[PDB]
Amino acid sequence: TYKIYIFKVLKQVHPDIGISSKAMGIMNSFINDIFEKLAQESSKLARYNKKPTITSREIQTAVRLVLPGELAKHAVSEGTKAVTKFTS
């Protein structure tokens, strides 16, 4: 469940604003739905190779295909920064 991680992010963006049980259920359904869309898409992309392998390249493509264009562009940049910070 992403609810605790959604809560932590809510408190960085709106320190002084809370969230109802029903609203948090909606946020958590959004995140699960996107996860599955990106996972399914990355699964097709990786299906080309034997030993199907999902790397940051498959995720990056999956993001550029599934997300609307301006969301995709910001998400790709976020994805890239996080792998650069992890790597270095």
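One-based numbering along the sequence shown. If you superpose the two forms and keep the largest set of C-alpha atoms that fall within 1.5 Å, you have the rigid core.
A.B. asks: On a core superposition, give the stretch, 41 to 49 or 28 to 36, with the larger average C-alpha separation from this form in 4 other deposited structures of this protein (RMS over structures and residues).
C.D. replies: Farther on average in 4 other deposited structures of this protein: 41 to 49.
A.B. asks: So, in 4 other deposited structures of this protein, taking the root mean square over structures and residues of the Cα distances after a rigid core fit: is 71 to 79 or 11 to 19 the more displaced stretch?
C.D. replies: Between the two stretches, 71 to 79 moves farther in 4 other deposited structures of this protein.
A.B. asks: Name the higher of the two by mean Cα B-factor in the PDB entry, 15 to 23 versus 64 to 72.
C.D. replies: Higher mean C-alpha B-factor in the PDB entry: 15 to 23.
A.B. asks: Can you tell me whether 4 to 12 has a higher mean C-alpha B factor than 78 to 86 in this record, or the other way round?
C.D. replies: Result: 78 to 86.
A.B. asks: Split into thirds by Cα B-factor across the chain's modelled residues, where does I31 land: lowest, middle or highest?
C.D. replies: For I31, the deposited C-alpha B-factor lands in the lowest third.
A.B. asks: Once the chain's modelled residues are ordered by C-alpha B factor and cut into thirds, is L38 in the lowest, middle or highest one?
C.D. replies: Lowest third of the chain for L38's C-alpha B-factor.
A.B. asks: Would you check the entry's CA temperature factor for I54 and let me know if it's in the chain's lowest, middle or highest third?
C.D. replies: Middle third of the chain for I54's C-alpha B-factor.
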